[PDB]
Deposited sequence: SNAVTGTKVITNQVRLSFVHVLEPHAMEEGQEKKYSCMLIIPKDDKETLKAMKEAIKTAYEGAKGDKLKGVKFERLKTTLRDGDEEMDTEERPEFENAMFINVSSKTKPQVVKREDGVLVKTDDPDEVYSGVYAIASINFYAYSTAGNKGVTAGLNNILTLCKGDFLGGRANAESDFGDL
């Protein structure tokens, strides 16, 4: 079940303080990992973990949270997804978030080191769910190593948002 990625890019970053996805829900810690499709190693490991979660709990019809950037996103609007897979990972408890300093790991909560767009190594853990007969395999967030580089991925609201009322 458990994967330690190579380099990925973080987006929708809520690892330092928890956030409610939707109104009324429990606040959680979460982020999106964007994984280059070049990274067979990480994606195979994910595949294998997903398999194991399924094993331990009809496969071809198995719902999972590992998604295809090029297929699901418009990569001219959102180029961070170009040629990438992506996965939203969540944790009810606070993950450890660290960086390397003089070769040792220390915690950081600097918003300049931990931000949407930053590159990182992440540990996650896949597991089976079943919620109001919503069934499948998902992944929990464990910890993050921020590599303290990458351009900021800023929120941009959509047209329906900007223009929808009038």
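In this chain, the deposited residues that lack C-alpha positions fall in the ranges 1-6, 64-71.
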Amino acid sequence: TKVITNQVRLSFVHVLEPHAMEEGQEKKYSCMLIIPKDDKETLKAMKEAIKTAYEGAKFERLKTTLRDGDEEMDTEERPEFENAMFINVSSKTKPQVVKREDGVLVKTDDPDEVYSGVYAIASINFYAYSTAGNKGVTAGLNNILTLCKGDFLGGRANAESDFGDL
From here on, numbers count along this sequence of modelled residues.
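Look at the C-alpha B-factors of 99-107 and of 129-137. On average they run higher in 129-137. The question of which stretch, 45-53 or 28-36, has the higher mean Cα B factor is settled in favour of 45-53.
Annotation for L66, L62, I124, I121: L62 ranks highest, by Cα B-factor. Per the deposited coordinates, the residue with the largest Cα temperature factor out of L10, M21, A157, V15 is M21.
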